[PDB]
Structures are given as structure tokens and as C-alpha cells.
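Contents: one structure, followed by commentary.
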Amino acid sequence: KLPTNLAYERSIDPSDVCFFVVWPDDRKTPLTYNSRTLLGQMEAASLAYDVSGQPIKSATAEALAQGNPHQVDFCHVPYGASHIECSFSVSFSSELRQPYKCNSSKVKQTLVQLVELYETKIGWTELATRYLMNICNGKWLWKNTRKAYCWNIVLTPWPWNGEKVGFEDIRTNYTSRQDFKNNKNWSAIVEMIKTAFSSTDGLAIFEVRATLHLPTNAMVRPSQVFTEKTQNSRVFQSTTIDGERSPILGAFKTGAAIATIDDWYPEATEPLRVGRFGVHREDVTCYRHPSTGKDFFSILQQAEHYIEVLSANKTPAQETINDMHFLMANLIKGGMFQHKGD
Amino acid sequence: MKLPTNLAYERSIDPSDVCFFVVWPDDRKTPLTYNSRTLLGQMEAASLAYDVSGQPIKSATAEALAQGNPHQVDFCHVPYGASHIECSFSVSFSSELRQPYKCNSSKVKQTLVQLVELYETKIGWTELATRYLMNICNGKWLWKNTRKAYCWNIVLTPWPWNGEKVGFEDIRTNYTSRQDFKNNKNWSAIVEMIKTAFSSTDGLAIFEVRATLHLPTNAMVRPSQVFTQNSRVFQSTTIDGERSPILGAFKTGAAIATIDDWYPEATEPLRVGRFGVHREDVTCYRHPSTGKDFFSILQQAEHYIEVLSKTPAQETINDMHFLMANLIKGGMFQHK
Amino acid sequence: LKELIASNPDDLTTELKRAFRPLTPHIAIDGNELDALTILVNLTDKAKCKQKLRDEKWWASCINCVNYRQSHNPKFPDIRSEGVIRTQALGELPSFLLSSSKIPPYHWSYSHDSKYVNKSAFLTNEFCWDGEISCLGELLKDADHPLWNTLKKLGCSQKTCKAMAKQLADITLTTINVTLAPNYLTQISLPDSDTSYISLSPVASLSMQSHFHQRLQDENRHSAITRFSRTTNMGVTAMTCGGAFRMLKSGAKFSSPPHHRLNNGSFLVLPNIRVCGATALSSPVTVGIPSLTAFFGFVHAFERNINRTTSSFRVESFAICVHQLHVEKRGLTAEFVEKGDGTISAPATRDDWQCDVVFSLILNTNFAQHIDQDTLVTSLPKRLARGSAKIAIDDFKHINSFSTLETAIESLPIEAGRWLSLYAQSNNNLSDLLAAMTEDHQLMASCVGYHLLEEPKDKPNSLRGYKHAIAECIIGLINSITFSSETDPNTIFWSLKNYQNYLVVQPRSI
DNA sequence: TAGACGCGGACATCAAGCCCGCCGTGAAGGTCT
DNA sequence: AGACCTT
């Protein structure tokens with residue numbers, strides 16, 4: 001199995017999250033930033049100690065009490081503003097049903113049959129609520145909702161016939177999976193995601209709109225660049241809105257916020273970025289390592305075995321469709337499934 | 001105990017800039033402004049009439065030492081006829097000291113988590129959290145503007161809260177000692193909302209501070225300065241369409257965090273750091289040859305666990321306050 | 001051409017080491033000859049004194065590097081890419097299309113691995129003996145050759161080690177060896193007519209990489225530095241100038257004038273498409289607006305989506321209207337791979353360039369009938385040069401069709417743009433462009449077409465199984481148009497013409 | 001409703017523009033033996 | 001597995 005070239009492409013794609021400042025007389029200007037230098041202090045461990053104790057003799061009690069300048073960027077909410085608002089847009093489609101690469105027929109008809117038999121037996125009501133609870137919570141701001149007063153999500157569906165569905169204060173009301181379900185527009189927006197995945201060339205579009213109340217002169221945290229090389233730290237990713245600079249908060253950083261759903265690994269406390277090695281960025285560990293047997297290429301190599309389980313009416317579903325909820329998550333976002341190359 | 005090659009914490013205290021405003025007897029408020037003026041001074045440097053480790057040079061005669069040095073500086077004063085000065089900022093207290101932020105080693109992560117937990121149960125947050133609230137409530141975040149002033153008053157509005165605004169008045173005579181804040185109608189209620197921010201998980205508390213300064217006529221205001229001719233350049237932001245000095249975001253965090261007086265001499269409260277540096281004199285108390293810095297207490301953290309399981313003596317307590325104060329500040333404790 | 005004048009001005013040792021590595025003008029070893037051939041036989045470790053590098057099995061490591069000489073670099077820009085390509089341009093180009101047929105091909109360089117970088121001396125350096133600018137290894141492969149009794153100036157090489165240099169290097173200098181699977185090569189597919197499709201893989205000529213580097217090292221308004229992190233694996237070209245890679249910045253910050261100053265058919269509009277994070281490294285030598293073959297693929301993947309419903313769409317042309325432009329460095333974090341020893345880490349680090357295009361399109365098809373309202377949205381593709389492609393909800397009411405292209409530019413609800421054409425003046429070197437780029441500072445350069453090295457041939461694992469060639473990149477020049485009242489639309493409405501060895505996209509006026 | 005809007009002459013000299021010190025670290029290799 | 005590897 002695992003032929004020499006096989007690839008899908010993604011079925012969820014966001015855009016970037018531009019920031020704007022609103023004024024008390026209902027006026028809108030974009031948020032800006034400027035660079036700032038500062039005087040730190042000698043605090044690295046490799047300046048006093050060299051290796052395993054042995055403090056450096058040429059770094060005395062006056063050499064350590066110097067200063068060291070470093071230049072940063074800095075962004076904050078200006079004085080006398082109302083709040084921040086954060087435009088954003090998502091879309092959904094159906095590209096998990098047909099492959100993008102070919103040249104093996106026995107795995108091409110198997111990987112389209114497994115989608116058909118997951119569709120009707122145990123349908124899309126599991127994944128399409130997890131992908132929608134990450135959007136409608138405020139998981140896509142990543143750090144701007146901590147140390148904040150309140151925030152409010154308002155989303156415009158398409159194709160829709162009705163009023164703009166909006167979610168009010170989330171820190172008190174929308175706590176668990178229950179209170180998202182007790183809203184009078186919840187089953188109409190999950191089912192139009194179910195319509196998108198399960199139709200040949202179906203489409204869904206959500207335009208998301210947040211309102212963010214922060215304290216006086218509070219800082220704002222966008223995404224940062226990855227350039228390789230007064231040694232400027234914290235250079236912000238930016239765009240030009242209205243002929244003015246503006247920090248953008250990522251484009252692939254927002255695709256990583258939405259797809260934090262994986263809690264089917266052998267310990268399963270916190271959801272993970274969906275991937276084939278299940279990596280936790282704040283550790284360096286790999287949950288679902290390729291020795292536990294639970295990485296993606298050791299679950300994709302029972303694809304004819306999960307045909308032979310879905311046909312039987314006795315579905316276990318304790319630890320055998322968690323191997324299929326995980327398997328269908330990597331087909332929506334994945335797309336370079338190839339063993340020895342590329 | 002030995003520490004890994006990737007270790008890091010975030011803050012727990014997060015203050016902001018201090019915007020200034022001028023208040024009139026009409027009760028209206030405008031921003032404060034400044035101007036650059038040029039000066040004329042004397043030849044008064046020792047490296048200008050002498051030689052390096054030597055004798056007076058014979059180019060600096062009686063004439064050529066009586067000329068003028070012109071120099072441009074910035075300058076900011078209270079305008080004539082105003083009433084007082086108005087200041088404002090806000091501090092958040094999270095709990096991001098409980099677990100680390102980037103650790104790569106499952107063994108030292110278990111030690112740092114169960115050391116914060118044994119700290120909460122035996123030697124509580126009544127000693128650290130009182131010290132950070134002490135500096136916010138007597139204007140140590142103004143640094144030199146309370147020097148040579150008549151009277152200043154501070155009014156707080158906390159979140160979450162139901163009641164009235166906290167207020168401290170006449171801070172030269174009434175609010176001096178540690179007991180002078182305990183004798184209050186509103187003091188205990190705001191200390192257990194800083195502890196509950198630290199002790200519980202997903203725990204938050206926001207204070208939003210405002211003060212009034214009374215200065216004599218045309219008195220001078222002293223804000224923060226930039227790092228780089230123009231001597232004495234000031235730090236600026238735009239407040240409702242003008243230019244104004246700001247007194248800095250990191251600088252007001254360095255006045256909240258002067259609580260360290262446990263070093264081996266114990267005279268003046270220092271700014272908390274890994275090596276305990278000082279700037280009034282340019283030496284380091286808590287040098288690593290004394291065995292009292294951060295990285296020599298962090299590598300002995302396994303020893304402090306079986307002291308907390310009879311009360312600890314005094315210096316084991318005074319090194320646990322110093323270890324906790326660097327995790328609140330937390331600052332990328334990597335090595336090798 | 002600084003042979004002895006640069007030999008002893010008493011500067012330092014590595015003046016010569018910078019002078020043989022092919023990112024510099026050449027020297028001509030004519031007068032002082034034995035003192036220079038004792039340098040290249042002593043550039044292998046890192047005169048006439050540090051010997052025993054002469055008459056040993058040294059030649060076994062010295063003969064293996066002549067097979068890997070790489071006219072084109074298959075490792076650009078990803079490190080792990082096996083391949084050997086050494087072939088010239090296969091044809092010719094007209095006057096206003098810059099490529100590596102317009103500069104002579106004499107800067108080829110060893111790119112296989114890390115160890116044999118220094119041991120690839122003595123047969124891969126170029127030294128201009130009396131006439132010809134030539135290397136050292138494509139000369140010593142015959143008997144009746146001079147400067148070979150100077151190999152016997154050193155009394156070490158017996159004439160049985162001459163007997164291997166007779167017959168080892170016999171027939172080498174025309175090969176192409178890439179295998180498409182399993183490999184990290186890029187490849188695409190393009191129509192050659194309305195009947196078939198040709199697959200093609202762009203490669204990077206390291207004569208154009210050398211030529212643009214050693215001519216742009218002292219002007220900063222027209223050069224943007226792009227670094228890489230494993231310079232040894234890329235070959236000696238990315239090691240000599242290690243990391244740097246000066247490559248042709250856009251010229252000025254983008255300017256938005258007023259759009260137009262005005263008072264069959266089948267003209268369809270698409271208003272203000274916004275792209276989030278499309279790449280800017282279009283050719284291997286330019287930075288700025290993306291390649292206009294990506295504006296072609298955005299159209300042809302759109303006309304195949306409508307032909308799923310009515311199979312007579314036939315888009316036939318398109319027209320580009322750039323409203324915003326913004327280029328910067330952002331960094332693309334690649335994700336974890338299985339490395340190869342035992343571990344799971346990230347692959348090698350590079351710099352990127354990403355862009356942000358707000359543009360709008362005019363499409364002159366032949367379909368003389370209304371399309372729809374609904375399925376004209378569902379049939380839009382979602383990417384433009386690795387980017388995103390979204391519009392709005394409330395801009396679905398500006399999408400309309402027309403039959404007269406002078407009211408069609410009135411339907412664009414922005415009015416602050418610019419149109420695009422091609423600059424039909426000769427650009428035989430890089431110095432032609434920068435002279436035109438300092439008179440204007442408002443013109444852009446990108447890859448407008450490809451240039452084959454092959455007839456092409458049927459290769460087994462070709463992408464969609466069609467027909468696979470190997471191509472270069474064609475630099476061009478992009479212009480501003482206001483469309484006042486008189487500029488005919490033939491300078492707009494570009495197409496693809498298939499000139500039998502190059503697939504250049506140019507407008508339909510030429 | 002018809003018109004016109006002035007000549008003639010100078011824009012001074014003189015000195016000077018200080019020093020102090022610093023510029024953090026962890027992670028990301030293909031290839032033959 | 002590890003030894004090689006330059007501006």
C-alpha cells in the first residue's frame with residue numbers, strides 16, 4: 001500500500017484578521033504600530049556560567065551590571081477609543097471526496113468508498129460542530145481575549161435567508177458545548193456545513209466579526225515574522241490598509257486555530273493541531289509517535305479494514321471510530337500523503 | 001535537579017503607559033505638551049582641561065575655558081493658571097506562573113508545577129501580593145514627580161467588583177507604613193482578589209489607576225527618555241491629536257516590581273532580577289559567587305520540596321519568595 | 001582580466017580564492033602559468049610545498065566531480081532534490097525576452113554534496129588560457145593538448161596516471177538525469193493547444209544567478225537580499241556568496257493613480273479579488289508581483305469549472321487591474337517530517353517573500369448569453385500563487401456580463417487602479433533593464449513564460465501522465481496604462497501562443 | 001460706462017556646538033562509509 | 001550510525 005504519489009488538498013481556508021479601532025463618535029481608523037528601543041539587563045545564563053557551574057572569571061559584579069539595548073515593536077489601544085473590531089472570513093468546500101493525485105486504482109477507489117461509508121453510517125454531525133465551536137468561541141484570536149473585559153462574535157452566513165446570527169458575551173454565557181446548541185440558529189448553520197462536505201461542488205461562506213473590549217492602553221498581540229539571519233526582535237507581519245501600516249495576525253495561524261480538535265490520543269487532555277505526527281508546539285514531544293502505532297500512516301493502512309467494520313451493524317465506536325474521526329480530520333486539511341518522498 | 005535547553009514563562013503582571021493631562025479650574029482637561037529649547041553652558045568637563053592619567057593640558061588656556069557650550073534639550077512644565085495634573089494606567093494580574101510555557105522536559109515540568117502548588121498551601125500569597133499592591137497605592141510609578149510636590153491622591157477602580165471606587169488620599173502623612181493601609185475600609189477586599197487571581201486557574205483581576213498631582217507654579221515634569229545632536233529626547237504618543245510624553249510601559253513595570261529586600265545586605269528594595277543588579281551603584285548584590293542568584297536556587301528546587309512537608313526557618317522562606325518573584329516576571333531560563 | 005596585477009598588490013591570500021570561484025569576472029592564465037596550476041592542485045583540503053596531493057588515489061575523488069557540473073541547479077530552492085542537468089537553451093528567443101540564451105553559458109558549478117566541495121577544485125574552475133574562456137576538465141581529456149608538459153613540470157605524475165586521464169573523461173557533456181518519482185521536484189501542466197497538455201518543470205540557471213549577483217552588489221534601490229541556511233548542500237555558487245542572493249527588488253513603493261479619465265461581446269467582470277499571502281519569488285531571480293503564468297492558471301482553472309455545466313465557455317483572454325500591491329518577508333513555517341536518522345524535526349530554513357494583491361479581471365469569452373448568479377460564485381477557484389482568493393458577500397452584486405468593453409470598465413466600483421501590458425524594447429542584458437528602471441521607477445519585472453530544453457518526451461511518472469519537458473524562466477517588463485480614450489484594447493487581453501519552444505504570455509497586439 | 005496703479009538707496013559684525021557605556025539566547029542537514 | 005562541511 002501507500003503508492004509513490006498521492007495527494008489531496010484542503011477543504012477549509014481562512015484569510016487574515018485585520019484590526020480596526022472604533023471611536024465614541026462611531027468612527028473607524030486602522031490600528032497602527034511603531035518601533036521602540038529599550039534598555040534591558042544582563043540576564044542570560046550563558047553570560048555568568050559557562051558549562052555546568054564554573055562561573056566565568058571575566059564577568060565580574062560590575063560587568064554584569066551593565067545594560068544592553070534591544071529594539072522591539074510595540075502596539076497598543078490608543079487613548080479614548082471605544083473598542084477593537086476584528087474582521088475575518090472562512091469558507092468550506094468538498095475536496096476530501098476526490099483525490100488530487102492518482103496512478104494506483106486500488107487505493108483510489110478505496111479512499112473514495114471509505115468517505116461514502118463514513119458519510120451515511122456515522123455522519124458529519126461530530127466534526128462539523130467541533131470546527132464550528134472553534135470559530136464561534138474566539139479561539140482564532142489566540143491571546144487577545146485573555147486580560148479582556150468581554151467579546152462578542154457576529155457571523156454572516158451565505159447562502160442564508162434570515163438575520164445575522166450573533167453570539168453575545170462568551171466568558172459568562174457560552175461556556176460548554178451545551179449553550180452553543182441552545183441557540184435558535186445553531187442547527188441551520190451546522191447543517192449547511194454538512195451540506196458542504198457531502199455535496200459534489202457545494203460551498204459555504206461565513207464572515208466572522210468580533211468586538212473586543214480591552215482596558216486602558218492595553219497591548220495587542222499579532223503574529224511575527226520568520227526571517228532567518230541593534231538586533232531587532234519582534235517584527236510584526238503587516239499589510240497596508242488605507243495607505244497605513246497594520247498588523248495582520250497570520251494567515252496560516254488562523255488555520256491552526258480552527259483545526260485544534262484532536263483529543264483522541266492516548267492521554268487526551270487538550271486538543272491538538274491536526275497532523276500526522278500529532279506534535280505539541282509548547283513541548284517538543286510527539287503524541288502519536290510512529291512507534292505507538294497511532295500515527296496517520298498506521299491508520300491509513302487499515303483502509304480496507306474499516307470498510308469491513310462499517311458494513312457490520314455492530315459498530316464498537318469506543319476506540320475504532322476515534323481512529324476514523326482522526327482519519328477524516330486529516331483528509332479535510334491534509335494532502336501530501338506519500339511515504340518515501342515529496 | 002538540572003535545567004533543560006528550552007524553558008520559558010510569561011508575565012503575570014502587565015502594566016501600561018501613564019498618560020498625562022492638565023486640569024483647569026473650569027473642570028476641563030487637555031493633554032500635556034513640550035518644546036525643545038536650546039541652552040548655553042560652560043566648559044565644565046574634566047576631560048576638557050586635563051590629559052588621560054596626567055597633568056593639565058596646555059591648549060585649555062584662561063580664554064578658551066570661558067567660552068560657551070550650546071546644546072539643545074527638551075523641556076516640559078505645567079502651564080500657568082492650571083489646577084493640577086491627571087495620570088492614568090491599568091494593571092492586569094493573571095496566573096501564568098502555575099505551569100511553564102515551553103519546557104521540552106517532562107521531569108523538570110513536574111517539579112516546577114508541584115513547587116507552586118506547595119507554595120500556595122503552606123506559605124500563602126499574603127506576603128507577595130501585599131507588596132505589589134503597596135507600590136501601586138502610593139505612587140512609586142511616578143518616580144520623581146512626587147518629589148517636591150504638595151500632595152498627591154490615588155483612586156482605584158477594580159474589576160470584577162460591586163461597590164464604590166477605592167481611594168487613598170494625602171500620601172505623605174496618612175499612608176506611610178504597612179499598617180497605614182491595613183487600617184482601611186476597603187483593603188482586605190482587594191487583596192483576596194489578587195490572591196484569587198494567582199491561586200485559581202483562569203483567574204483574572206484588572207485595576208485601573210488614576211491620580212492627581214499638586215505642584216507649585218510652572219513646575220517641571222520629568223517623563224521617560226529614549227535610547228539613542230539632541231540631549232534629553234522624550235518618549236511620545238498621540239493623545240487626541242497632539243504630542244505628549246508618556247512615562248513608559250516597561251518603566252512602570254519596574255516600579256511595581258521593586259519588592260526585593262532579602263539580599264545579603266538588606267538595605268533598599270531592589271528591582272527583582274536573576275542576578276539582582278543595582279543602578280544607584282553599578283555593582284551586583286546576589287552575584288553567583290555568593291550562591292544566592294536565580295540559577296543556584298532553581299537547581300536546588302528538589303531540596304525545597306522536602307522542607308515544606310514543621311515550618312521552614314527564615315532564609316528558606318526568603319529564598320522561596322525570591323524564586324516565586326522571578327517566575328511571575330518569568331524570563332526564558334534556558335542554558336546550554 | 002586581472003592576472004598578475006591582482007596576484008601581487010600585497011593584500012592577502014584569499015584574493016585569488018574569491019577570483020576562481022565563479023561569482024566574479026575571470027582571469028586569463030597565460031603568462032604566469034605553473035604558479036597558478038599549483039594553486040588549484042592545492043585548493044583541495046582547507047606553492048610546491050604542501051604536496052603529496054598529486055600522484056595518488058587523489059584522482060579517484062578528483063574524477064568523480066566532473067560528472068556533477070550542473071548547468072542548471074536542481075536543488076534550487078529545496079535542498080533534497082536529486083538530479084544532473086547540463087544542456088543549453090535549445091533554440092532562440094526574440095528581442096524583448098530576457099533569459100539565459102541572451103548571456104553566454106560559462107559559470108557552471110559542482111552541486112552534489114558537502115564533502116567534495118574543496119575536492120571539486122582543479123577541474124571545475126575557469127581560467128581563459130589564450131583565446132577561449134574555458135574550464136580545466138573539458139580540456140585535459142585528449143592527448144595533443146598543451147599546458148600538459150607542465151603537469152610534468154612537477155616530477156611526480158608517472159605516465160601511467162596519464163593513461164587514466166586519456167580514457168576516463170570521454171563523453172559526458174550533454175546529459176539530463178532527473179527521475180520524477182520519488183523526488184521533490186516541482187512540476188505543472190499547461191495547454192499547448194485546445195487538444196492536449198504539456199507538463200514542464202522549471203529549473204534555475206546558475207548563469208543568471210551569477211550574472212544578477214555580481215552586477216547588483218552596489219545599488220540598493222533595486223536589490224533585495226534572500227538568505228538560506230545550508231549553503232554547503234546547494235553547491236559552491238550559494239557558498240561563495242554564502243546566503244546572500246541579490247535579486248532585483250521591485251524598484252519603488254507601489255503607486256495608485258486615478259484609474260480612468262473618461263466622460264460579439266461577452267465581457268464578464270470580477271470585482272476586487274483580495275489575495276492573502278501569495279508568494280513573490282516568481283522567477284529564481286526576481287521579487288515583486290507574481291508571475292503572470294499564475295494569472296493564466298487562475299483563469300484556465302476557472303473556465304474548466306464552468307465547463308462542468310455548459311461545455312462551451314472558451315474564455316480566450318483575460319485582463320488584469322492591480323489596485324494594491326505590498327511585498328514583505330514573512331517566513332513560511334514548514335511542518336515536521338521524518339528526517340532520516342531517527343528523529344522528527346523540521347526541514348531546512350529559508351527566507352520567503354509574500355505578497356498581497358487586490359485586483360479585478362475582465363474576461364472576453366465567446367459565450368454570448370447570460371451565465372447565472374449562483375454557480376458563477378461556486379465555480380471560482382480558491383488560490384492564486386499559493387494564496388487565498390475571496391471577494392465579499394456584498395460584492396456579489398457587482399458581478400455582471402456585458403457586450404461592450406467601454407462600459408465594462410465603468411462597472412469597477414473602486415477607481416484607483418492601473419492596467420498592465422508588456423514593454424516591447426530590447427533587453428539583451430541586465431543593464432538594459434535597470435537603465436529603463438531608473439528613468440521610470442514604476443515598472444515591474446516577472447516571469448511571463450517558459451523556455452523548453454526538450455522536444456518533449458513521454459516520462460513515466462509525469463503529472464497527469466501527459467508529456468514532460470524541462471523549462472527555464474522568461475523575464476519580461478510590465479507597464480502602466482490609464483486607458484484614457486484612445487489606447488486600443490489589443491495592448492490588454494493577453495493570451496498563450498505556443499511558439500514551439502517557449503510558452504510566453506504576451507498581449508494580442510504583437 | 002472710459003481711463004491711469006511712480007522713482008531711489010543701503011539688508012552689520014562675532015564667538016562656541018562637552019561627554020559616558022552597553023548591543024542576550026534555544027530549535028530546524030544531505031550523503032557515502 | 002557518523003564523518004564530512006564554508007562565507
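Lettering and numbering for the C-alpha cells are positional, with chains as A, B, ... in the shown order, residues counted from 1 in each chain, and ligands counted from 1 in the shown order.
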
Q: Compile the residues of chain D that lie within 9 Å of chain B, evaluated using only C-alpha atoms (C1' of nucleotides), and express the compilation as a ChimeraX atom specification.
A: /D:15-19,25-27

Pull C-alpha atoms (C1' of nucleotides) from the residues just selected and write them as a PDB file, in the first residue's frame.
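Dumped everything to part-v3.pdb:
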ATOM      1  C1'  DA D  15      32.418  83.624  19.460  1.00  0.00           C
ATOM      2  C1'  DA D  16      31.068  78.346  20.600  1.00  0.00           C
ATOM      3  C1'  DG D  17      28.474  73.321  19.075  1.00  0.00           C
ATOM      4  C1'  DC D  18      31.056  68.711  26.159  1.00  0.00           C
ATOM      5  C1'  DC D  19      30.998  63.586  27.244  1.00  0.00           C
ATOM      6  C1'  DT D  25      19.845  33.104  23.925  1.00  0.00           C
ATOM      7  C1'  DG D  26      17.217  27.711  22.459  1.00  0.00           C
ATOM      8  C1'  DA D  27      15.144  24.759  17.953  1.00  0.00           C
TER       9       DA D  27
END

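Any residue of chain A with an atom no more than 6 Å from chain C counts as a contact; using only C-alpha atoms, that gives residues 225, 226, 227, 341 and 342 of chain A.
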
Q.
Using only C-alpha atoms (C1' of nucleotides), which protein or nucleic acid residues come within 12 Å of residue 100 in chain A? Drop anything in the same chain fewer than 4 positions from it, and give the result as a PyMOL selection string.
A. (chain A and resi 5-10+95-96+108+111-112+331+334-337) or (chain C and resi 463-464)

Store the residues of this selection in a file with N, CA, C and O atoms, as a compact mmCIF listing (two decimals), in the first residue's frame.
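What landed in out32.txt:
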# COMPACT_ATOMS: atom_id res chain seq x y z
N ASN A 5 2.92 8.31 -5.31
CA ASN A 5 2.43 9.68 -5.23
C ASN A 5 0.93 9.71 -4.98
O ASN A 5 0.16 9.13 -5.75
N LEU A 6 0.53 10.38 -3.90
CA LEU A 6 -0.86 10.56 -3.54
C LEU A 6 -0.99 11.88 -2.79
O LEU A 6 -0.17 12.17 -1.91
N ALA A 7 -1.99 12.67 -3.14
CA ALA A 7 -2.14 13.98 -2.54
C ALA A 7 -3.60 14.41 -2.59
O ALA A 7 -4.29 14.13 -3.57
N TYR A 8 -4.05 15.06 -1.53
CA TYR A 8 -5.32 15.78 -1.51
C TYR A 8 -5.02 17.27 -1.46
O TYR A 8 -3.88 17.70 -1.60
N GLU A 9 -6.06 18.08 -1.26
CA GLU A 9 -5.86 19.47 -0.89
C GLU A 9 -6.98 19.90 0.04
O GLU A 9 -7.97 19.20 0.22
N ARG A 10 -6.80 21.08 0.64
CA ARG A 10 -7.53 21.43 1.84
C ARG A 10 -8.99 21.78 1.56
O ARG A 10 -9.34 22.22 0.46
N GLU A 95 -13.50 18.87 -1.05
CA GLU A 95 -12.37 18.38 -1.80
C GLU A 95 -11.76 17.15 -1.14
O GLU A 95 -10.78 16.61 -1.66
N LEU A 96 -12.32 16.72 -0.02
CA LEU A 96 -11.94 15.49 0.66
C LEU A 96 -12.53 14.26 0.01
O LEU A 96 -12.16 13.14 0.41
N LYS A 108 -7.37 4.31 -4.97
CA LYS A 108 -8.22 5.43 -5.36
C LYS A 108 -9.68 5.11 -5.12
O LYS A 108 -10.43 5.94 -4.60
N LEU A 111 -10.26 4.84 -1.14
CA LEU A 111 -10.30 6.08 -0.36
C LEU A 111 -11.48 6.95 -0.76
O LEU A 111 -11.73 7.98 -0.12
N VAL A 112 -12.22 6.58 -1.81
CA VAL A 112 -13.47 7.28 -2.08
C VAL A 112 -14.65 6.48 -1.54
O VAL A 112 -15.70 7.05 -1.26
N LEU A 331 -8.04 14.22 6.26
CA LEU A 331 -8.32 14.31 4.83
C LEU A 331 -8.89 15.67 4.47
O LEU A 331 -8.77 16.10 3.32
N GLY A 334 -5.39 17.71 5.00
CA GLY A 334 -4.09 17.17 4.66
C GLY A 334 -3.74 17.34 3.21
O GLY A 334 -4.11 18.34 2.60
N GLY A 335 -3.05 16.36 2.64
CA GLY A 335 -2.81 16.40 1.22
C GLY A 335 -1.41 16.25 0.67
O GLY A 335 -1.14 16.75 -0.42
N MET A 336 -0.51 15.59 1.40
CA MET A 336 0.77 15.17 0.84
C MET A 336 1.10 13.75 1.27
O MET A 336 2.22 13.46 1.69
N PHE A 337 0.12 12.85 1.18
CA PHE A 337 0.26 11.53 1.79
C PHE A 337 1.09 10.65 0.87
O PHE A 337 0.57 10.04 -0.06
N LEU C 463 3.13 14.28 -14.30
CA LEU C 463 1.98 14.70 -13.51
C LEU C 463 0.78 14.87 -14.43
O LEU C 463 0.82 15.66 -15.38
N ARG C 464 -0.28 14.09 -14.15
CA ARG C 464 -1.43 13.77 -15.02
C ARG C 464 -1.03 13.00 -16.29
O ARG C 464 -1.83 12.90 -17.22

Q.
Show me, as a ChimeraX atom specification, the residues of chain C whose atoms get within 8 Å of chain D, using only C-alpha atoms (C1' of nucleotides) for the distance check.
A. /C:79-80,113-114,230,233,345-349

Q: Write out as a ChimeraX atom specification which residues come within 8 Å of range 135-147 of chain A when counting only C-alpha atoms (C1' of nucleotides), dropping same-chain ones fewer than 6 positions away.
A: /A:153,167,170,174,212,214,220-221,254,257-258 /B:92,94,204,206

Closest atom pairs, chain A residues within 9 Å of chain D, only C-alpha atoms (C1' of nucleotides), as CSV:
residue,atom,partner,partner_atom,distance
A:41,CA,D:24,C1',8.7
A:42,CA,D:24,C1',7.0
A:43,CA,D:24,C1',7.4
A:44,CA,D:24,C1',6.0
A:45,CA,D:25,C1',8.5
A:46,CA,D:25,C1',7.9
A:47,CA,D:24,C1',8.5
A:66,CA,D:22,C1',6.2
A:67,CA,D:22,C1',5.2
A:68,CA,D:22,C1',5.0
A:69,CA,D:23,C1',5.6
A:70,CA,D:23,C1',7.0
A:230,CA,D:23,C1',6.0
A:231,CA,D:23,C1',7.8

Q. Any idea what's packed within 6 Å of range 230-241 of chain B, counting only C-alpha atoms (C1' of nucleotides), ignoring anything in its chain fewer than 3 positions away? Could you give it as an MDAnalysis selection string?
A. chainID B and resid 72:74 224:226 244:246

Residues from the last selection, C-alpha atoms, saved as a compact mmCIF listing (two decimals), in the first residue's frame:
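Final output, saved to again.txt:
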# COMPACT_ATOMS: atom_id res chain seq x y z
CA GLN B 72 19.53 71.56 22.57
CA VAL B 73 17.29 69.82 25.13
CA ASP B 74 13.58 69.12 25.53
CA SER B 224 10.79 58.87 30.31
CA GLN B 225 13.54 59.29 27.69
CA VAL B 226 14.58 57.44 24.53
CA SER B 244 2.54 64.17 24.67
CA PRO B 245 5.08 62.46 26.93
CA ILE B 246 4.14 59.04 28.23

Q: With a distance cut-off of 12 Å and only C-alpha atoms (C1' of nucleotides), select the neighbouring residues of residue 177 in chain B, excluding the residue or stretch itself and same-chain residues fewer than 6 positions from it, and output the selection as a VMD selection string.
A: chain B and resid 131 134 to 135 137 to 138 171 183

Would you mind exporting the chosen residues as a CSV table (one decimal), in the first residue's frame, restricted to C-alpha atoms?
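In the end it all went to part_30.csv:
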chain,number,residue,atom,x,y,z
B,131,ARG,CA,4.0,44.1,48.3
B,134,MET,CA,1.7,48.5,48.1
B,135,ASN,CA,3.7,50.1,45.3
B,137,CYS,CA,-1.1,52.6,46.0
B,138,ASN,CA,1.5,55.2,47.0
B,171,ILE,CA,0.0,60.2,50.7
B,183,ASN,CA,-6.5,50.4,58.7

Q: Define the interface residues of chain E facing chain C as those within 8 Å, counting only C-alpha atoms (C1' of nucleotides), and report them as a VMD selection string.
A: chain E and resid 4 to 7
